[PDB]
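Below is one structure, written out as structure tokens; the observations come after it.
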Amino acid sequence: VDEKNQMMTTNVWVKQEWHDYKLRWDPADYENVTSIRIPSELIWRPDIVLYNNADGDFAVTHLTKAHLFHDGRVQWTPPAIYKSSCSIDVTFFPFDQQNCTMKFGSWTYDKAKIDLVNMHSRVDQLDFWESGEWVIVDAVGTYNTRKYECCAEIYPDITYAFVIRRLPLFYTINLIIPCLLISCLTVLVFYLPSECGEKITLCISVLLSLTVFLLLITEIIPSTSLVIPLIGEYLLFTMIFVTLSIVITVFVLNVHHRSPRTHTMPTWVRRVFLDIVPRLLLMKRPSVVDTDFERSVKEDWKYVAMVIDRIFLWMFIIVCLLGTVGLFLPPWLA
Amino acid sequence: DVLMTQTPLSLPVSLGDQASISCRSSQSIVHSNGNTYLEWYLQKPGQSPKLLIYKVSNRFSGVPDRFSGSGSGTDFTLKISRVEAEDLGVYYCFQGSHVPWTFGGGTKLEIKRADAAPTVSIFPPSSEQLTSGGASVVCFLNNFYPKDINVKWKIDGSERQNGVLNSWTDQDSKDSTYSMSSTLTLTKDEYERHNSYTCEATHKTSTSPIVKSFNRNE
Amino acid sequence: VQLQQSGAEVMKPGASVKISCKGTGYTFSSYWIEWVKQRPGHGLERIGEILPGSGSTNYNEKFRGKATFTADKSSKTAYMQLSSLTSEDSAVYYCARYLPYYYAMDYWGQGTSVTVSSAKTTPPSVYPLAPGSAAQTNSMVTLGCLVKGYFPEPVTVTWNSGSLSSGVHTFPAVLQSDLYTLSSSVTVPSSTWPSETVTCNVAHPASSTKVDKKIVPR
Amino acid sequence: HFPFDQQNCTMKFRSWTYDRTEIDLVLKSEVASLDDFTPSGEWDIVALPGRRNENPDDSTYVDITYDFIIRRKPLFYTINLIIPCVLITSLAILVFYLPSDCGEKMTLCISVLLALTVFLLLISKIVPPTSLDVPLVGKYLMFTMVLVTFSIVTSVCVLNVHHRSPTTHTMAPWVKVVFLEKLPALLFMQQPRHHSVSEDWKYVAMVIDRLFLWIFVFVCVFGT
Amino acid sequence: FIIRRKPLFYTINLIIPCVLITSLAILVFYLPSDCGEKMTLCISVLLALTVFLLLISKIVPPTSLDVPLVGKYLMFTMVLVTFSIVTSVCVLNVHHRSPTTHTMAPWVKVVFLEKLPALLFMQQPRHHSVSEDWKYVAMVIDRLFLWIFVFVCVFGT
Ligand SMILES: *[C@@H]1O[C@H](CO)[C@@H](O[C@@H]2O[C@H](CO)[C@@H](O[C@@H]3O[C@H](CO)[C@@H](O)[C@H](O)[C@@H]3O)[C@H](O)[C@H]2NC(C)=O)[C@H](O)[C@H]1NC(C)=O
Ligand SMILES: *[C@@H]1O[C@H](CO)[C@@H](O)[C@H](O)[C@H]1NC(C)=O
Ligand SMILES: *[C@@H]1O[C@H](CO)[C@@H](O)[C@H](O)[C@H]1NC(C)=O
Ligand SMILES: CC(=O)OCC[N+](C)(C)C
Ligand code: NA
């Protein structure tokens, strides 16, 4: 199942059976020969082709021998490899279910000359080689008739819908869990102290890792603009907020390294970020009386930077939790 | 959406005179293939539009040679060598370059002629209006030109603006003059209270407004 | 080639109407269908387009959400559905065939008229009028015929077997509050009006109403 | 104009056995049929006209050509390429607001340069540039890469200026009168000057990076 | 079939990035040792140059009849940057010496604090400590190598 190119490759046996009125005999006249195998290229055959072919062959090409019975019954079960186009929907990738179809019908004979009968509505899976990547939920053929502007008659067809469910363990382990582990680190920058000299390293690493994983997802899914994978939306939103965190981190580092020799602290800054916000954030500054003015204002700038970090530590945690639940919870409920 | 503006809003030009309609785009509407897709449509009254020009200059099949187009990135113009009776209508410029594709504002085309003074008239209600329980006062102005017409509903020294209907007629063919029928709906409880009804209309030909009135008291 | 539109519609405010455009004589699925709105006042406003072969659709910003296009390939018909009809939606709607960058709108639908109103079918109330008694009689005088309180359009006014066709000036219908009206005045010799009989006929096919009220001197 | 581009792909049909004196090719319709079309989901069909072509100079040449005018649906690449590119580009100005004492300027500017280079190569793999036309997104990425390289050079110079002391350098008087007095006024800084030489160098470095922060915001804004 | 390549694509995708990375090869010698980011810069330059060499290797045929000139330049720059990394390690080691852990030989004084600064137009302020002398010697060493690399790199063009 090529999701990027939106093609399904299948190996099927095309079971066909019709009646030939000139290929009848009496077994009593031929030593009780009841049936024979003949090259299928020596007899008339229906011209069933796959309408939605893509990168393959329209008709059967192997041309195995046909089984002919004394009453005129012809059985022909050739093998075929079909590459058919189907629209891929990866909204819930890697927990996605795909619905790929195959439309079969005679190309040049209309319903009054050749009509199709469903041998069995369900596709046969008695000799199915299990893939390990997809499971067939349902494979049923539907008989349809329709008129084409080419021709005045009605051309029947049988369309098979292959409802296939992806087994998500492989992509879970290889994409989802690494992405979640990186997502766990998005808010950590706001708890790193400004003196460690490693805030930028962490936030930049998170941003670049998320970008790389988004690029990896892009190489898997089709480049269609009708649906957006949930994983892609989550990664994009996380990247946006990580970029915002980098901007805030640059600002906070700038605030931390301010001193009286270069900056002046406004009275309103002092009031707000040394009295009001610390109280609302449940952080209590020790009551310390430093005598050196230059060393005390430097410590006030360092404390103002801590408060700004704590504010955004709270907001990003709330957004991270609300956003994740607001994105994935509803789909998991039906 | 690219905005397309047409000038003039109305283009009076007598028979046989050169006509010039201009269209401008809010953005360049050129395309890569060497063409910019601008088309001119003409609609006669009570009819569906009709194609005249496409791709700025290329002329549609079956249209008179008199029509021609020209322009550049954001300025285009239509030209009519000679005007005729069939030529009367509204002309629109259509841009087919940037999605969504938009129409021009429309440039009505008229034929100018010797202006004629309006023939104002006033008709009081009839007996049927009295029986039904209403009073309809209507003012007529026929065979006047140009659109420089204003009508004022002055009644016994009072100017009333409420309940005034504006309904004029498009330029005709035999006379090529307009008309303007203004009505004032009065109730019986109020119709008889007032005494004098007048219809003041002013036109370019006669600077002094023309006066036509009748008195209820008789 | 021919685009056949559905018939005229009258709808109540807040309802939704669906008009259809049927194209024959060409590959219906390979030409875009353009929908154009023409308010009775003035102007052509493109609503949007749909390519029947695919589901592709575009809308102008003014109509995003107001209109929705659907197409049936089996029957060569395209549909436009208008939702939440207000009084502004009353207009004549056109469907046109278009191929971007190659063929302009060379074929148009006849036009479908949509009227949004709360009224119901009402016969006309023709009230013929004559010149006021307090009015000087001169060589040339104007006659009076009034039709009001009718709905919906149209109403044809003519003289007795076209007795006096030329020289008549009918006017477009207008709404006083909810119903339509109409006025019609003609010029006749002062020596022929009292001697000869002049009358205005009224026909209202919507209400299947025909009236004939002669006007006599006051 | 990728991903807001419109493609004009043609399909020429001829007989590679017979010429115009033997078979004449005629169009049954002026457009290709879409009666049994399955929409793409990535490409939008605009127009499929057909034309019959002859050669006034050859007289043995006849062909029928269909023009496939298709329009890309840009949401996918918008979301997956343009937004990440804009996010990375927005970081190209931050190095000039990062204080020197933090000791992290090089990391930031180098990381931005790495990300931009990777994106340029990926874009080239998707839509290859050619002499006829270079994608505008690729042009912008290259211009931003040049700017980020210039910013790395400027950051190195600013860091050199920041770590200067009287024990190793002497401040020329013109450096004083310019960077400590005049340029700050133009940039609305107003050195507090409440009261040493080491702090003077620290202010000169801070003045230099502020000047470039203005330009990069200006140029990046002009990059719109 | 004498054919000529249209070089715009590979210009944009290989040449401009390569020259941009090469222009940073000498910056490490102008970066003060106190910033604590010399290793980051020089190592990043080395790894970027190596990556671009590997990309070129993946593009061209794996034949040994000739070497592309661009590959030759990338290899030369890679050797130069490795030399710069070793020199930066030595300069950092010299910078962080102190009177408690190291003693400065008199020849080190006469050379690095007196003669070489005059040759390089450095002009030690000498307003007046021993730890500052080590920090100055490191400044002189990497200023000397800045001159060498510029000449060896300017002749690279
Ligand atoms: C898509 O590409 C095709 C092929 O390049 C374009 O077709 C070319 O279009 C031009 C412009 O219409 C044609 O030239 C014009 O031809 C007419 C009629 O012969 C002539 O009167 C004009 O003076 C001009 O010469 C050109 O012949 C035509 N070429 C071919 C091979 O068909 C097409 O316009 C492009 N469409 C879009 C939407 O990009
Ligand atoms: C003919 O062969 C069939 C098996 O193919 C067997 O069942 C049947 O009895 C045979 N009849 C005779 C007459 O030999
Ligand atoms: C799959 O697609 C076919 C044809 O479009 C439709 O009949 C069927 O209901 C679909 N089934 C599911 C599970 O989507
Ligand atoms: C008659 C003929 O060749 O028809 C081919 C097309 N089809 C399968 C849609 C009818
Ligand atoms: Na890295």
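Residue numbers start at 1 in each chain; chains themselves are named A, B, ... in the order of the structure tokens; ligands are numbered from 1 in the order shown.
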Query raised in the report: For chain E against chain A, which residues fall within 12 Å using only C-alpha atoms, given as a list in words?
Result: residues 35, 36, 37 and 40 of chain E
Requested in this report: Please identify all polymer residues within 8 Å of residue 116 (chain D), counting only C-alpha atoms, omitting same-chain residues fewer than 4 positions from it, and present them as a list in words.
Outcome: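 The residues satisfying every condition are residues 85, 88, 89, 112, 120, 141, 144 and 145 of chain D.
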Query raised in the report: What lies within 12 Å of residue 42 (chain C) using only C-alpha atoms, ignoring chain neighbours under 5 positions off, as a PyMOL selection string?
Result: (chain B and resi 9+43+45-46+89-92+104-108) or (chain C and resi 37+91-92)
Requested in this report: Set the cut-off to 7 Å, count only C-alpha atoms and all ligand atoms, and list whatever residues fall near ligand 3 as a list in words.
Outcome: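 What falls inside 7 Å of ligand 3 is residues 99, 101, 161 and 163 of chain A.
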Requested in this report: Would you mind telling me which residue in A:265, A:277, A:150, A:187 lies nearest to chain C when using only C-alpha atoms?
Outcome: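 Nearest candidate to chain C out of A:265, A:277, A:150, A:187: A:150.
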Report task. Considering only C-alpha atoms, return as JSON, numbers by chain whatever protein or nucleic-acid residues lie within 12 Å of residue 108 (chain D), sequence-local ones (same chain, fewer than 2 positions apart) excluded. Result -> {"A": [198, 199, 200, 201, 202, 203, 204, 205, 207, 208, 246, 247, 249, 250], "D": [88, 91, 92, 93, 94, 95, 96, 97, 98, 99, 102, 103, 104, 105, 106, 110, 111, 112, 113, 114, 115, 148, 149, 151, 152, 155], "E": [37, 40, 41]}
Emit the selected residues as a tab-separated table (two decimals), in the first residue's frame, including N, CA and C atoms.
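again_13.tsv was written with the following content:
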```tsv
chain	number	residue	atom	x	y	z
A	198	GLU	N	22.70	27.15	29.27
A	198	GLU	CA	22.33	26.07	28.37
A	198	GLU	C	20.86	26.10	27.96
A	199	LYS	N	20.14	27.20	28.20
A	199	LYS	CA	18.75	27.29	27.77
A	199	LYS	C	18.64	27.20	26.25
A	200	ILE	N	19.48	27.96	25.55
A	200	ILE	CA	19.42	28.02	24.10
A	200	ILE	C	19.68	26.64	23.51
A	201	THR	N	20.68	25.93	24.03
A	201	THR	CA	20.99	24.59	23.54
A	201	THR	C	19.75	23.71	23.59
A	202	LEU	N	19.07	23.69	24.73
A	202	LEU	CA	17.92	22.81	24.89
A	202	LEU	C	16.78	23.18	23.94
A	203	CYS	N	16.39	24.46	23.93
A	203	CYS	CA	15.24	24.82	23.11
A	203	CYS	C	15.54	24.65	21.62
A	204	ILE	N	16.75	25.00	21.19
A	204	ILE	CA	17.13	24.81	19.79
A	204	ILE	C	17.13	23.33	19.43
A	205	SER	N	17.65	22.48	20.32
A	205	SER	CA	17.65	21.05	20.04
A	205	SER	C	16.23	20.53	19.89
A	207	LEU	N	13.55	22.22	18.97
A	207	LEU	CA	12.98	22.72	17.72
A	207	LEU	C	13.48	21.92	16.53
A	208	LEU	N	14.79	21.68	16.46
A	208	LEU	CA	15.35	20.99	15.31
A	208	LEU	C	14.90	19.53	15.26
A	246	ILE	N	11.67	29.92	22.29
A	246	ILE	CA	13.02	30.41	22.01
A	246	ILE	C	13.05	31.93	22.07
A	247	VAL	N	12.04	32.58	21.48
A	247	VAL	CA	11.97	34.04	21.53
A	247	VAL	C	11.89	34.53	22.98
A	249	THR	N	12.88	32.97	25.61
A	249	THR	CA	14.14	32.66	26.28
A	249	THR	C	15.19	33.71	25.98
A	250	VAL	N	15.27	34.17	24.73
A	250	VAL	CA	16.21	35.24	24.41
A	250	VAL	C	15.87	36.48	25.22
D	88	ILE	N	11.84	29.22	11.19
D	88	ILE	CA	13.30	29.28	11.25
D	88	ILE	C	13.79	30.68	10.92
D	91	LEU	N	13.94	33.35	13.65
D	91	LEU	CA	15.02	33.26	14.63
D	91	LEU	C	16.30	33.93	14.17
D	92	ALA	N	16.38	34.36	12.91
D	92	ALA	CA	17.61	34.93	12.39
D	92	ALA	C	17.94	36.30	12.98
D	93	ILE	N	17.01	36.94	13.67
D	93	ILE	CA	17.26	38.26	14.24
D	93	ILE	C	17.59	38.20	15.73
D	94	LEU	N	17.31	37.08	16.40
D	94	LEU	CA	17.40	37.04	17.86
D	94	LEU	C	18.83	37.16	18.36
D	95	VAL	N	19.82	36.77	17.55
D	95	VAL	CA	21.19	36.76	18.04
D	95	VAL	C	21.63	38.15	18.49
D	96	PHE	N	21.06	39.20	17.90
D	96	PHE	CA	21.46	40.56	18.23
D	96	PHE	C	20.76	41.09	19.48
D	97	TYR	N	19.81	40.35	20.04
D	97	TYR	CA	19.24	40.69	21.33
D	97	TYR	C	19.76	39.79	22.45
D	98	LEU	N	20.48	38.74	22.12
D	98	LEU	CA	21.04	37.85	23.12
D	98	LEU	C	22.26	38.50	23.76
D	99	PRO	N	22.31	38.62	25.08
D	99	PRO	CA	23.46	39.29	25.70
D	99	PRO	C	24.75	38.50	25.53
D	102	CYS	N	25.86	35.78	28.19
D	102	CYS	CA	25.19	34.48	28.22
D	102	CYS	C	26.05	33.38	27.62
D	103	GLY	N	26.98	33.73	26.73
D	103	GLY	CA	27.85	32.74	26.12
D	103	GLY	C	27.12	31.72	25.28
D	104	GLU	N	26.13	32.17	24.51
D	104	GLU	CA	25.35	31.27	23.66
D	104	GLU	C	25.06	31.84	22.28
D	105	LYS	N	25.68	32.95	21.88
D	105	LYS	CA	25.38	33.54	20.58
D	105	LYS	C	25.75	32.59	19.45
D	106	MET	N	26.95	32.01	19.51
D	106	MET	CA	27.41	31.15	18.43
D	106	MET	C	26.47	29.99	18.21
D	110	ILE	N	24.67	29.61	14.55
D	110	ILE	CA	25.10	28.43	13.79
D	110	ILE	C	23.94	27.47	13.59
D	111	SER	N	23.11	27.26	14.62
D	111	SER	CA	21.97	26.37	14.47
D	111	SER	C	20.99	26.90	13.43
D	112	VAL	N	20.74	28.21	13.43
D	112	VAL	CA	19.86	28.79	12.43
D	112	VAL	C	20.42	28.56	11.03
D	113	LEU	N	21.73	28.77	10.86
D	113	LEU	CA	22.34	28.56	9.55
D	113	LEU	C	22.19	27.11	9.10
D	114	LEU	N	22.41	26.17	10.02
D	114	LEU	CA	22.25	24.76	9.70
D	114	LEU	C	20.83	24.45	9.24
D	115	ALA	N	19.84	24.94	9.99
D	115	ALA	CA	18.45	24.67	9.62
D	115	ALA	C	18.11	25.25	8.26
D	148	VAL	N	22.40	35.38	7.72
D	148	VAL	CA	22.80	34.69	8.95
D	148	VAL	C	24.32	34.52	9.00
D	149	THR	N	24.96	34.29	7.85
D	149	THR	CA	26.42	34.24	7.83
D	149	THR	C	27.01	35.59	8.23
D	151	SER	N	25.58	37.70	10.10
D	151	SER	CA	25.30	37.85	11.52
D	151	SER	C	26.27	37.05	12.38
D	152	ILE	N	26.72	35.89	11.91
D	152	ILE	CA	27.75	35.15	12.64
D	152	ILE	C	29.04	35.96	12.69
D	155	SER	N	28.54	38.78	15.11
D	155	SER	CA	28.51	38.30	16.49
D	155	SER	C	29.91	38.00	16.98
E	37	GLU	N	33.23	29.63	23.36
E	37	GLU	CA	32.55	29.09	22.19
E	37	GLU	C	33.47	28.89	21.00
E	40	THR	N	32.94	25.24	19.64
E	40	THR	CA	31.69	25.13	18.91
E	40	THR	C	31.86	25.61	17.47
E	41	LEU	N	32.41	26.81	17.29
E	41	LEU	CA	32.51	27.39	15.96
E	41	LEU	C	33.42	26.55	15.06
```
Query raised in the report: Any idea what's packed within 12 Å of residue 17 (chain C), counting only C-alpha atoms, ignoring anything in its chain fewer than 6 positions away? Could you give it as number ranges by chain?
Result: C: 6-11, 66-68, 79-86, 89-90, 93, 112-116
Requested in this report: From the DSSP assignment of the backbone, select every residue of region 18-217 of chain C that is strand (DSSP E), and format the answer as a ChimeraX atom specification.
Outcome: /C:18-24,32-38,45-50,57-59,67-72,77-82,91-98,112-116,125-126,140-142,145-150,156-159,168-170,180-189,199-204,209-214
Query - Given 9 Å and only C-alpha atoms and all ligand atoms, residues near ligand 4 as a PyMOL selection string - result: (chain A and resi 49+51+105-110+147-151+153-155) or (chain D and resi 36)
Same residues, N, CA, C and O atoms, output as an mmCIF file, in the first residue's frame:
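result08.cif was written with the following content:
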```
data_model
loop_
_atom_site.group_PDB
_atom_site.id
_atom_site.type_symbol
_atom_site.label_atom_id
_atom_site.label_comp_id
_atom_site.auth_asym_id
_atom_site.auth_seq_id
_atom_site.Cartn_x
_atom_site.Cartn_y
_atom_site.Cartn_z
ATOM 1 N N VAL A 49 -11.119 -5.768 -17.857
ATOM 2 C CA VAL A 49 -9.971 -4.923 -17.574
ATOM 3 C C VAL A 49 -10.244 -4.146 -16.297
ATOM 4 O O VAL A 49 -11.386 -3.980 -15.867
ATOM 5 N N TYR A 51 -10.376 -0.755 -14.584
ATOM 6 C CA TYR A 51 -10.533 0.631 -15.009
ATOM 7 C C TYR A 51 -9.495 1.534 -14.352
ATOM 8 O O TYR A 51 -8.790 2.285 -15.034
ATOM 9 N N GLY A 105 -14.455 -4.731 -15.429
ATOM 10 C CA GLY A 105 -15.562 -4.878 -16.346
ATOM 11 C C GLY A 105 -15.069 -5.053 -17.762
ATOM 12 O O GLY A 105 -13.934 -4.706 -18.098
ATOM 13 N N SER A 106 -15.955 -5.587 -18.594
ATOM 14 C CA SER A 106 -15.634 -5.731 -20.003
ATOM 15 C C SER A 106 -15.464 -4.356 -20.629
ATOM 16 O O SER A 106 -16.201 -3.419 -20.316
ATOM 17 N N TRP A 107 -14.483 -4.239 -21.517
ATOM 18 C CA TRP A 107 -14.149 -2.955 -22.111
ATOM 19 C C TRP A 107 -14.978 -2.634 -23.345
ATOM 20 O O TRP A 107 -15.330 -1.470 -23.550
ATOM 21 N N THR A 108 -15.335 -3.631 -24.154
ATOM 22 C CA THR A 108 -15.955 -3.379 -25.446
ATOM 23 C C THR A 108 -17.315 -4.034 -25.635
ATOM 24 O O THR A 108 -17.980 -3.737 -26.631
ATOM 25 N N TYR A 109 -17.755 -4.893 -24.723
ATOM 26 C CA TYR A 109 -19.061 -5.533 -24.797
ATOM 27 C C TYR A 109 -19.962 -4.959 -23.716
ATOM 28 O O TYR A 109 -19.586 -4.941 -22.541
ATOM 29 N N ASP A 110 -21.156 -4.522 -24.104
ATOM 30 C CA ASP A 110 -22.094 -3.921 -23.173
ATOM 31 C C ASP A 110 -22.941 -5.006 -22.507
ATOM 32 O O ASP A 110 -22.757 -6.201 -22.736
ATOM 33 N N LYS A 147 -23.865 4.235 -17.793
ATOM 34 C CA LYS A 147 -23.711 4.665 -19.169
ATOM 35 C C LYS A 147 -22.547 5.635 -19.275
ATOM 36 O O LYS A 147 -22.339 6.473 -18.395
ATOM 37 N N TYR A 148 -21.791 5.511 -20.352
ATOM 38 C CA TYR A 148 -20.653 6.369 -20.622
ATOM 39 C C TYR A 148 -20.959 7.211 -21.849
ATOM 40 O O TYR A 148 -21.636 6.757 -22.775
ATOM 41 N N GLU A 149 -20.461 8.447 -21.856
ATOM 42 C CA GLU A 149 -20.713 9.322 -22.993
ATOM 43 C C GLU A 149 -20.094 8.781 -24.272
ATOM 44 O O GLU A 149 -20.472 9.217 -25.364
ATOM 45 N N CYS A 150 -19.155 7.841 -24.158
ATOM 46 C CA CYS A 150 -18.601 7.190 -25.340
ATOM 47 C C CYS A 150 -19.692 6.512 -26.146
ATOM 48 O O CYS A 150 -19.723 6.610 -27.378
ATOM 49 N N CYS A 151 -20.583 5.802 -25.467
ATOM 50 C CA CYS A 151 -21.359 4.743 -26.080
ATOM 51 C C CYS A 151 -22.795 4.812 -25.587
ATOM 52 O O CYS A 151 -23.069 5.317 -24.498
ATOM 53 N N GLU A 153 -24.899 2.292 -24.959
ATOM 54 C CA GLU A 153 -25.366 1.155 -24.188
ATOM 55 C C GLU A 153 -24.871 1.240 -22.746
ATOM 56 O O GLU A 153 -24.113 2.132 -22.364
ATOM 57 N N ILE A 154 -25.316 0.285 -21.939
ATOM 58 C CA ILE A 154 -24.969 0.198 -20.527
ATOM 59 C C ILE A 154 -23.853 -0.821 -20.363
ATOM 60 O O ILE A 154 -23.963 -1.954 -20.845
ATOM 61 N N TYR A 155 -22.778 -0.418 -19.692
ATOM 62 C CA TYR A 155 -21.632 -1.280 -19.448
ATOM 63 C C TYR A 155 -21.578 -1.658 -17.977
ATOM 64 O O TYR A 155 -21.385 -0.774 -17.132
ATOM 65 N N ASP D 36 -15.712 10.988 -16.967
ATOM 66 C CA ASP D 36 -15.447 9.914 -16.014
ATOM 67 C C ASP D 36 -14.139 10.166 -15.282
ATOM 68 O O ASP D 36 -13.286 9.291 -15.139
#
```
Query raised in the report: So which bits of region 10-205 of chain B end up alpha helix (DSSP H) when you DSSP the backbone, as number ranges by chain?
Result: B: 127-132, 188-191
Only N, CA, C and O atoms, please: the residues just picked out, written as a short mmCIF file (atom, residue, chain, number, x, y, z; two decimals), in the first residue's frame.
```
data_model
loop_
_atom_site.label_atom_id
_atom_site.label_comp_id
_atom_site.auth_asym_id
_atom_site.auth_seq_id
_atom_site.Cartn_x
_atom_site.Cartn_y
_atom_site.Cartn_z
N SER B 127 -62.15 58.97 -7.47
CA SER B 127 -63.22 58.54 -6.58
C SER B 127 -62.92 57.18 -5.97
O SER B 127 -63.25 56.92 -4.80
N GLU B 128 -62.30 56.29 -6.75
CA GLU B 128 -61.98 54.96 -6.23
C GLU B 128 -61.02 55.05 -5.05
O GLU B 128 -61.14 54.28 -4.09
N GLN B 129 -60.07 55.98 -5.11
CA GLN B 129 -59.16 56.17 -3.97
C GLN B 129 -59.93 56.60 -2.73
O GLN B 129 -59.66 56.12 -1.63
N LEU B 130 -60.90 57.51 -2.89
CA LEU B 130 -61.70 57.93 -1.75
C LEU B 130 -62.50 56.77 -1.18
O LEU B 130 -62.57 56.60 0.04
N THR B 131 -63.12 55.97 -2.05
CA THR B 131 -63.90 54.83 -1.57
C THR B 131 -63.03 53.83 -0.84
O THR B 131 -63.42 53.31 0.22
N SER B 132 -61.84 53.54 -1.38
CA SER B 132 -60.96 52.58 -0.73
C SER B 132 -60.43 53.11 0.60
O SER B 132 -60.08 52.32 1.49
N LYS B 188 -56.72 59.37 4.28
CA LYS B 188 -57.90 60.23 4.32
C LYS B 188 -57.88 61.14 5.55
O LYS B 188 -58.20 62.32 5.46
N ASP B 189 -57.49 60.59 6.70
CA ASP B 189 -57.44 61.39 7.92
C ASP B 189 -56.49 62.57 7.77
O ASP B 189 -56.68 63.60 8.42
N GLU B 190 -55.46 62.43 6.93
CA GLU B 190 -54.50 63.51 6.70
C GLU B 190 -54.68 64.20 5.36
O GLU B 190 -54.26 65.35 5.21
N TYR B 191 -55.30 63.52 4.39
CA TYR B 191 -55.40 64.09 3.05
C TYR B 191 -56.20 65.39 3.04
O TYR B 191 -55.80 66.37 2.40
#
```
Find the nearest atom pair between each residue of chain D and chain C for residues within 8 Å, count only C-alpha atoms, give distances in Å to one decimal, sort rows by chain and ascending number, and present the table as a Markdown table.
```
| residue | atom | partner | partner_atom | distance |
| --- | --- | --- | --- | --- |
| D:29 | CA | C:27 | CA | 7.8 |
| D:31 | CA | C:30 | CA | 6.7 |
| D:32 | CA | C:30 | CA | 6.9 |
| D:33 | CA | C:30 | CA | 5.9 |
| D:34 | CA | C:53 | CA | 4.8 |
| D:35 | CA | C:29 | CA | 5.8 |
| D:36 | CA | C:53 | CA | 7.5 |
| D:37 | CA | C:53 | CA | 6.5 |
| D:38 | CA | C:54 | CA | 7.3 |
| D:39 | CA | C:54 | CA | 5.9 |
| D:44 | CA | C:56 | CA | 7.4 |
| D:45 | CA | C:54 | CA | 7.8 |
| D:46 | CA | C:100 | CA | 7.0 |
| D:47 | CA | C:99 | CA | 6.3 |
| D:48 | CA | C:30 | CA | 7.4 |
| D:49 | CA | C:102 | CA | 7.7 |
```
Requested in this report: Counting only C-alpha atoms, collect the residues of chain E whose closest atom lies at most 9 Å from chain D, and write them out as number ranges by chain.
Outcome: E: 6-10, 12-14, 16-17, 20-21, 23-24, 27-28, 30-38, 40-41, 44, 48, 122-129, 132-133, 135-136, 139
